[PDB]
Structures are given as structure tokens and as C-alpha cells.
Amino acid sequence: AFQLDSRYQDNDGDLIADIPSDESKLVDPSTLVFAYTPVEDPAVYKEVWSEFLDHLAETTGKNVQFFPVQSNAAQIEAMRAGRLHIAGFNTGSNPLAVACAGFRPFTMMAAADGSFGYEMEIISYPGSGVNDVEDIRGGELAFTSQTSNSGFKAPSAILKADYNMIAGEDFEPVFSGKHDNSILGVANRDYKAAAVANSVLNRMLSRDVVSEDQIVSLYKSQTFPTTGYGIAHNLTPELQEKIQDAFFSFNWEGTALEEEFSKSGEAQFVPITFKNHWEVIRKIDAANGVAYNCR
């Protein structure tokens, strides 16, 4: 099953690229480049992460730079090419980022009680004439991008397995590029149906990007892990430990981070493993024929 790009080794079998032991292959950058996942306009999250990044700079002794990447593909490539050192990758991109960018995931947000996750929802606007999933037949369904779990792969698998509905035969797919573009397009009646992450939906609703009376939910999936956070495999081990320490030592209380992510139920960073927590995502990837051909 799951295979890393041959440019990486997995000598310990945890499915993630091993930290190099050849010192000429390790990087110790004076500026650490961080990127959150482009589920919305990154300008939304610049100040959300600002204090966290200051803590990261203090813990690691490095300068830190927020990279406002606009698409998953550019984010994956930036880490593969060595320009991006720490990232949160959207749920659906974690297997690809692990396989083709040497991403070493180690944490994920969770509620204060340790519970975690988000669901994909299919949404419409009130009065659209699309009043359940079956009503999508013969119409359009807005997807975000093909590396998205909730915005493409999970809804495609569900519509095919449970509603006898395949893109290009039973509905026409359109791509918005981001969850927030999908959700905005629904509320503004550009889209009669979109598959979106309900975590993002809730945070946009709390920030008044859209209003509750503009969105109706028609479907809610099983629960998935949320954004996985990790490090490019080839930073020095000492630096990677300090980055991990920074994540777990950050005090959320009163911060812009807590102000934002409390709106989708998060309060803390917990450890995860790629092998365990992303098994369900690798299965959905496989159900969509995703091959991880880094090219």
C-alpha cells in the first residue's frame, strides 16, 4: 500500500520520511517558513497565527515567516522544494504531503476533552430548489480542489457509493479553489450545492463572512481528523524537537489563535500519528484512485 517517494527513506515503518543522518542533507535555516492550510483566504489567518509564530521564534531561536500560500498544490510543492519548513496541511493533503513532500506530521487540534475532528457537509442556500442530496442530480456540485477530503474526494466517494451519482454523468462538477469560495458562492447563490468542511463553515459564520440564514445543510459525513501539523523531514533533529516543543508549550489563553479555533471547537494541540489518525483518509484517497505520483 502507501509508498513514500523514492527520494525519502522509511527505515522504521511509520510511513513518514525519516530524518536524515547525513549532516550535509540537514537544514538549519535562519528563517523558518510556516504556512497554514489555504481553506480560506490566508489574510484571515495571518493575525490568527501571529502570536503563535512569535512563540515559535522564541522557542527555536529563529526568525519566523508566515507564508500566505493560496492553494494546496503550491503548499505541497513549496515543502518538497525546501522553501516551507512547518505547515498545517488540510486533512486530504496529509497523505500526499507525506509521500511527495517529506512532511513529518506530529500534531492536530482537539477540544479540551481530547475529542477532535470535522465532517464534510453538503450545503445549499434556502430557496435554491435543492432540498436534499438527490436534488443535485442533473445540476451542479461545487468542489474546492482535488486534494481536498471534504471538498472533493469524500463527497465524490459518497455520492458514487450511496447515491448512484458520478461527476460528468449525473452532475456537473465545478471547482471554487477554496472552502471559503465554495461557502461564499453558496450564500451568494452562485452555487446551488457545495461540499465543504463544516469546521471552516462554522468559523466563517462566527466571523460573519456568511450568515446562518444563507446556508442550509443537506448532508453530514463521518468524522475525520482535522488539519495535521508537521515539519519538513530534513530539518536538524534538534530544531525539529524545538518546533514540536513550541506547539505544545504555546499558551492559548486570550490569544487570537484561541479566538479563532474555539469557533470550530478546538482548545489544544494533541499528538497524532499519520499511520493511525489518517487511515480513514488514505482509504478515501484509494477509493478515488489517488496514486501519489510525485512525478
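In case it trips you up, residue 1 is the first one in the sequence shown, and so on.
Do the C-alpha atoms of 47-55 or of 226-234 have the higher average B factor in the entry? It is 47-55 that shows the higher mean C-alpha B-factor.
Per the entry, where is the mean C-alpha temperature factor higher: 106-114 or 160-168? Mean CA B-factor is higher for 160-168.
Candidate residues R80, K153, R137, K178, the one whose C-alpha B factor the record puts highest: Out of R80, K153, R137, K178, the record gives the largest C-alpha B-factor to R137.
For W252, does the deposited CA B-factor place it in the lowest, middle or highest third of the chain? Its C-alpha B-factor belongs to the highest third of this chain's values.
Would the CA B-factor of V39 place it in the lowest, middle or highest third of its chain? Answer is lowest: the recorded C-alpha B-factor places it there.
Taking the chain's C-alpha temperature factors as the reference, tell me which third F67 falls into: lowest, middle or highest. Its C-alpha B-factor belongs to the middle third of this chain's values.
Lowest, middle or highest third: where is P173 by C-alpha B factor in its chain? For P173, the deposited C-alpha B-factor lands in the highest third.
Please place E119 in the lowest, middle or highest third of its chain according to the CA B-factor in the PDB entry. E119: CA B-factor falls in the lowest third of its chain.
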